[PDB]
A.B. asks: 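This is the structure I have questions about; it appears just below.
Labels below follow one simple rule: chain letters A, B, ... track the order of the sequence lines, proteins then strands, and each chain is numbered from 1. Because only heavy atoms are used, hydrogens play no part in the values below, and waters and symmetry mates are left out as well, while side chains stay in.
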Amino acid sequence: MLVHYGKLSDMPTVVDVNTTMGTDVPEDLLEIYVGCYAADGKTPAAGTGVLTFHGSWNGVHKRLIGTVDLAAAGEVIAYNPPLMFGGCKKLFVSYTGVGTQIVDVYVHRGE
Amino acid sequence: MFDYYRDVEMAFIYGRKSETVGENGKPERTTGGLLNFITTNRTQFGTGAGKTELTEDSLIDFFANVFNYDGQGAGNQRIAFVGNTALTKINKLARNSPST
């Protein structure tokens, strides 16, 4: 449930969040966790950038999910993770920051 | 003799090709191990960057990849040598699936 580790510029422009889990019933829960680090990858710290996520049921029509600011990201988070109910096959992520930070992105899905 | 055979086994698995001049001035060679030649299908299972998340689907893909080329293998048969912990973990993972 980890999408990408490392450079913000290296965040994929499109992410496949369609998952075959449990039975043939599609998943109906989507939650995103974002964790920022310091200059060193291991030690955690804050960040300046802001992340925005969009989801598409058909891959071309996007629906707003939420936004996360790396300023609140740290050892103890203060923001609220984005939450969406419905069917999503693709995830669109856009960053607005200086870049060159090691970041964590996690996607959690539920039946 | 047991030590000899254990050393031969470990060399065949983890050896690497080399050729170097020995102390007496004569060549010294080391054989290339099994893992030296297998490069197409090498997978590191785990969490983090550079590793593959361990699930049933990943295991099925890993095991079905080797059957892509029949090659010289007759009857479509393969031999698997696995550790006890890995086999037990596979047995545990097969339980959660609605169909094993």
Side-chain angles (χ1 to χ4, degrees), chain A residues 1-6 10-28 56 58-59 87-91 105-111, chain B:
Chain A
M1 293 312 165
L2 156 66
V3 173
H4 156 278
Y5 192 92
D10 279 13
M11 294 299 291
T13 185
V14 61
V15 178
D16 189 359
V17 290
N18 189 22
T19 46
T20 59
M21 275 162 54
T23 63
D24 56 355
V25 171
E27 273 64 43
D28 288 330
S56 189
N58 71 359
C88 302
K89 318 286 182 203
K90 288 286 181 283
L91 189 75
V105 60
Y106 275 74
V107 176
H108 188 261
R109 298 231 63 173
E111 198 70 23
Chain B
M1 182 179 72
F2 288 146
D3 296 1
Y4 178 87
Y5 279 135
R6 178 187 41 85
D7 189 358
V8 171
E9 202 83 349
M10 301 297 288
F12 277 171
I13 298 169
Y14 296 88
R16 297 208 50 86
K17 295 186 42 185
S18 192
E19 192 169 16
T20 315
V21 187
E23 294 294 328
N24 60 343
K26 293 301 165 287
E28 170 169 3
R29 312 179 177 90
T30 67
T31 188
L34 183 57
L35 184 63
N36 187 289
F37 295 102
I38 297 169
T39 62
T40 301
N41 305 312
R42 319 171 52 162
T43 315
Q44 293 252 9
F45 277 105
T47 188
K51 291 188 184 310
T52 304
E53 182 65 26
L54 180 54
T55 183
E56 192 191 4
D57 293 357
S58 306
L59 213 46
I60 297 169
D61 284 10
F62 177 83
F63 272 118
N65 219 358
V66 301
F67 279 113
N68 202 21
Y69 296 90
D70 174 77
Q72 183 66 41
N76 308 136
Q77 291 177 353
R78 303 293 192 275
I79 303 286
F81 294 130
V82 72
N84 207 7
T85 301
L87 198 44
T88 313
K89 181 69 176 177
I90 291 175
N91 216 27
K92 281 206 208 53
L93 294 174
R95 190 184 56 85
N96 294 329
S97 306
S99 293
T100 61

A.B. asks: Would you mind reporting whether B/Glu28 and B/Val21 have side-chain heavy atoms less than 4.5 Å apart?
C.D. replies: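 Not touching, per the 4.5 Å side-chain cut-off.
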
A.B. asks: Shortest non-hydrogen contact from A/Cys88 to A/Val17?
C.D. replies: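 Closest pair (atom of A/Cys88, atom of A/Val17, distance): O-CG2, 3.9 Å.
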
A.B. asks: Begin with the C-alpha distance, continue with both residues' side-chain angles, and end with the deciding distance and a verdict on side-chain contact (heavy atoms from CB on, under 4.5 Å) for B/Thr55 and B/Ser58.
C.D. replies: CA-CA 5 Å; B/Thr55 183; B/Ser58 306; 3.2 Å; yes

A.B. asks: Can you tell me which residue pairs pass the side-chain hydrogen bond (donor to acceptor under 3.5 Å, both in side chains) test with a partner in residues 68-78 of chain B, sequence neighbours excluded?
C.D. replies: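 Residue pairs with at least one partner in residues 68-78 of chain B: B/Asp70-B/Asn76.
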
A.B. asks: Do B/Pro27 and B/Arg29 touch side chain to side chain, with heavy atoms closer than 4.5 Å?
C.D. replies: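 Result yes, sub-4.5 Å side-chain heavy-atom pair found.
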
A.B. asks: Does any N or O in the side chain of B/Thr100 come within less than 3.5 Å of the main-chain N or O of B/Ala94, such that one atom is a donor and the other an acceptor?
C.D. replies: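 Such a contact is absent between B/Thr100 side chain and B/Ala94 backbone.
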
A.B. asks: Using the salt bridge (charged side-chain N to carboxylate O under 4.0 Å, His left out) rule, take A/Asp16 and A/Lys90 through it: C-alpha gap first, then chi angles, then the decisive distance, then the call.
C.D. replies: CA-CA 5 Å; A/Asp16 189 359; A/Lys90 288 286 181 283; 3.5 Å; yes

A.B. asks: Return the minimal non-hydrogen interatomic distance between A/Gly22 and B/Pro98, and the atom names on each side.
C.D. replies: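 Nearest heavy atoms, A/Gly22 then B/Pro98: O-CG, 3.9 Å.
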
A.B. asks: To check you understand the geometry: which heavy-atom pair defines the closest contact between A/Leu2 and B/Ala49, and what is its length?
C.D. replies: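 A/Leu2 and B/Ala49 have their closest heavy atoms at CD2-N, 4.3 Å.
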
A.B. asks: Could you tell me the separation between the CD atom of B/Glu9 and the CD1 atom of B/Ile13, rounded to the nearest 0.5 Å?
C.D. replies: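 The CD1 atom of B/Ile13 is 5.0 Å from CD of B/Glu9, to the nearest 0.5 Å.
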
A.B. asks: Could you measure the distance from the CG atom of B/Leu59 to the CG atom of B/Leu93? Nearest 0.5 Å is fine.
C.D. replies: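 B/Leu59 atom CG to B/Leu93 atom CG measures 7.5 Å (nearest 0.5 Å).
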
A.B. asks: Can you see which heavy atom on A/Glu111 is nearest to which on A/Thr23, and at what distance?
C.D. replies: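 Heavy-atom minimum between the residues: OE2-OG1, 3.7 Å.
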
A.B. asks: Report, as yes or no, whether the 6.0 Å neighbourhood of atom OH on B/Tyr14 holds more than 12 heavy atoms from other residues, nucleotides or ligands.
C.D. replies: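 No, because the 6.0 Å sphere around OH of B/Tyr14 holds 12 heavy atoms or fewer from other groups.
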
A.B. asks: Assess whether atom CE of B/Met10 is packed by more than 12 heavy atoms of other residues, nucleotides or ligands within 6.0 Å.
C.D. replies: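 Not more than 12 within 6.0 Å, no.
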
A.B. asks: Check whether more than 12 heavy atoms from other residues, nucleotides or ligands sit under 6.0 Å from atom OH of A/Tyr106, and answer yes or no.
C.D. replies: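 Yes - once you tally the heavy atoms of other residues, nucleotides and ligands closer than 6.0 Å, there are more than 12.
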
A.B. asks: Could you list all the side-chain hydrogen bond (donor to acceptor under 3.5 Å, both in side chains) pairs where at least one residue sits in residues 35-54 of chain B, not counting sequence neighbours?
C.D. replies: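 The answer is B/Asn41-B/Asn65, B/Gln44-B/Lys51.
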
A.B. asks: Could you give the distance from CD (A/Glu27) to NZ (A/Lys89), rounded to the nearest 0.5 Å?
C.D. replies: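 If we round to the nearest 0.5 Å, A/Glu27:CD and A/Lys89:NZ are 9.0 Å apart.
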
A.B. asks: OG of B/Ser97 to CG of B/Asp57: how many Å apart, nearest 0.5 Å?
C.D. replies: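 With rounding to 0.5 Å, OG (B/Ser97) is 8.0 Å from CG (B/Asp57).
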
A.B. asks: Between CG of A/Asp28 and CZ of A/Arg109, what distance do you get to the nearest 0.5 Å?
C.D. replies: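 Atom-to-atom, A/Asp28:CG and A/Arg109:CZ are 7.5 Å apart.
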
A.B. asks: Got a sec: does the CZ of B/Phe63 have more than 12 other heavy atoms crowding it under 6.0 Å?
C.D. replies: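 Incorrect, the count does not exceed 12.
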
A.B. asks: To the nearest 0.5 Å, what is the distance between NZ (B/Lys92) and CG (B/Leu87)?
C.D. replies: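 Output value for this atom pair is 10.0 Å.
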
